[PDB]
Amino acid sequence: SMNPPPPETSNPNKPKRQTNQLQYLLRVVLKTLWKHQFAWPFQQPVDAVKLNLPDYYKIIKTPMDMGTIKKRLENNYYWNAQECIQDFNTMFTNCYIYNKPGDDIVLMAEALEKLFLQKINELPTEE
Ligand SMILES: COc1ccc(S(=O)(=O)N2CCCCC2)cc1NC(=O)c1[nH]c(C)c2c1CCCCC2=O
């Protein structure tokens with residue numbers, strides 16, 4: 042019935058780098074989704090205690106949210122752009138696992154995912 046700890050946003054043992062693709066993911070992809078009309082349900086981990094959703098973390102074992110992704114990018118947690126893209130896709134996948142067609146949260150996820158795909162399809166080349 043408790044929330045899990047949020048996903049780690051730094052691993053002090055991992056090497057760190059900046060790349061044009063990671064810059065794109067933070068400054069173009071995440072930033073565009075973050076200011077979207079439908080961003081607010083996805084800006085932080087699902088708080089299953091405050092929202093009284095005790096089955097959420099019984100169903101969702103790989104939680105992910107844009108707040109975690111944003112912190113991961115700002116902390117240089119990701120070495121490969123693919124790692125971050127996987128996290129965005131996990132976030133959307135979780136929403137479709139837990140919810141149903143026609144749900145408000147699903148219509149919001151679909152709109153955000155459409156925008157995510159438009160931006161990720163312009164990911165710059167590997168410098
Ligand atoms: C009724 O839902 C809410 C009511 C109020 C607020 S809040 O922004 O006022 N605030 C959030 C931070 C803590 C204080 C309250 C947010 C929500 N929900 C969500 O954020 C959310 N986000 C997701 C991904 C999902 C959900 C819930 C629907 C099913 C599971 C799911 O998939």
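Those letters in the sequence shown? Residues 42 to 168, by the deposited numbering.
Just so it is clear, CB atoms sit at the ideal spot from N, CA and C, and this is done for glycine as well.
Could you give the distance in angstroms between the alpha-carbon of residue i and the alpha-carbon of residue j?
i, j, result
"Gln85", "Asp144", "19 angstroms"
"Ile161", "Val70", "7 angstroms"
"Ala152", "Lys55", "34 angstroms"
"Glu167", "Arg58", "13 angstroms"
"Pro165", "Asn140", "33 angstroms"
"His77", "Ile100", "27 angstroms"
"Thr60", "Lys72", "17 angstroms"
"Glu163", "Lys91", "38 angstroms"
Confirm, please, whether the CB-CB distance from residue j to residue i is below 8 angstroms.
i, j, result
"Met132", "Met105", "yes"
"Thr50", "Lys102", "no"
"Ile110", "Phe129", "yes"
"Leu66", "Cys125", "yes"
"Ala80", "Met107", "yes"
"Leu156", "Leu114", "no"
"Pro45", "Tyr98", "yes"
"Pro82", "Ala89", "no"
Return yes when the C-beta of residue i is under 7 angstroms from any heavy atom of ligand 1, and no when it is not.
i, result
"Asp128", "no"
"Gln78", "no"
"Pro47", "no"
"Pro95", "no"
"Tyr139", "yes"
"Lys91", "yes"
"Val70", "no"
"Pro165", "no"
"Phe133", "no"
Considering only the alpha carbon of each residue, which of the options lies closest to residue i?
i, options, result
"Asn52", "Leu94, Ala80, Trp120, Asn44", "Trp120"
"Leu158", "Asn93, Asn117, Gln127, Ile138", "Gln127"
"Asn135", "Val87, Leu92, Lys72", "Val87"
"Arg68", "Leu92, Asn93, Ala122", "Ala122"
Those runs of the alpha helix (DSSP H) which lie wholly inside the stretch 65-143 and span at least 4 residues: 72-75, 97-100, 107-115, 122-139
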